[PDB]
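This document opens with one chain alone, in structure tokens, the form deposited without L-ornithine (ORN).
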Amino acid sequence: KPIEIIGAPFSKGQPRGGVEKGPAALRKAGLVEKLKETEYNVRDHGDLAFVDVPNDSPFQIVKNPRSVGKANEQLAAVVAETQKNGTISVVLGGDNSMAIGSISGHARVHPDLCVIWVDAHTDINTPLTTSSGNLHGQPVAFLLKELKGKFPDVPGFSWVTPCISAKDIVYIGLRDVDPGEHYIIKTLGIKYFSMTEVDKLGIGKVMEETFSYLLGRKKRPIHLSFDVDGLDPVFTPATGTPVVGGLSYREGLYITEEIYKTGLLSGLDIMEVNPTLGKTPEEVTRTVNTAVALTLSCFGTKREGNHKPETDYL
């Protein structure tokens, strides 16, 4: 299938500006040029133009409710339109809040989708469980069918319809979960693999297990939402919430590598790359670079090597 890159230069999901610069950074590092060189057809849709919503009064504790909700509706419309034409959507963030419009727009055309969430955090805090009014920590709360009506109506998200049930999402890389969020996953029985399970089983067993758990009897589309902070800070330092002890550069490449093998990758998010938080210019190139490597891996690049078929090299 072909591919369509969508830039989502948004940052209202948290106080730290800088993330709207993620897609620029990634593009300038040669993302699209490199994607063309694979067996995939690549089209660059460009960057979406977001606009501030006037007098965006905080809803209780939640900041920039309407801005985020508006941004996400617009994104969801773009995603689903591109999806309809039979293409694999690739979204560049931007903060985690853009996960909302991505999975919504995807599910409109594929209600039988499943989400694989690589991150150090669950981002499953509701407007009532949050200690921060930042929406980048609440995307999975606006998407679950079992959490519908468990928290009020935030101004801006009226268009949102819970598109997946807890029984459809797997978490890999958890190491900084809030009490409220950990409750919701214990209660709703969401399948996860925090760092402890990774140490216990190995990345191999992890992929081996997430797969059967989702594609066991019914094979379905895969939506991989990748938060750059899921890997260790020594690999991807330019992010808003670096947390020590994460997945290694090798583990991140393995996750995506297996995802390719299934051939069901239908959507993909590359969130939280904040080019401005690099303690040095080098820390920025390091982060950007692994994000680009992660994206090429999902689209065919293997570490054992690659070569075009129908071409005798000897």
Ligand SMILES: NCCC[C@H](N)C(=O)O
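For every residue, the number given is its place in the sequence shown, counted from 1.
Unshown form deposited with L-ornithine (ORN) bound; subsequent notes refer to it.
Take L-ornithine (ORN) as it sits in the bound PDB entry, overlay the site C-alphas onto this chain, and none of its atoms lands within 2.4 Å of the backbone or a C-beta, so the site here is open.
For the residues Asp178, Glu146, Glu197, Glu209, the 4.5 Å heavy atom test against L-ornithine (ORN) in the bound PDB entry is passed only by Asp178. For the options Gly101, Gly137, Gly173, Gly93, the residue carrying a heavy atom within 4.5 angstroms of L-ornithine (ORN) in the bound PDB entry is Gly137. Of the candidate stretches 73 to 81, 129 to 137, 162 to 170, 197 to 205, only 129 to 137 has residues with heavy atoms within 4.5 Å of L-ornithine (ORN) in the bound PDB entry. When L-ornithine (ORN) is considered in the bound PDB entry, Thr87 lies well away from it, no heavy atom lying within 4.5 Å. Contact check for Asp123: a non-hydrogen atom falls within 4.5 Å of L-ornithine (ORN) in the bound PDB entry. In the bound PDB entry, just one residue of 240 to 278 lies within 4.5 Å of L-ornithine (ORN) by at least one heavy atom: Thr241.
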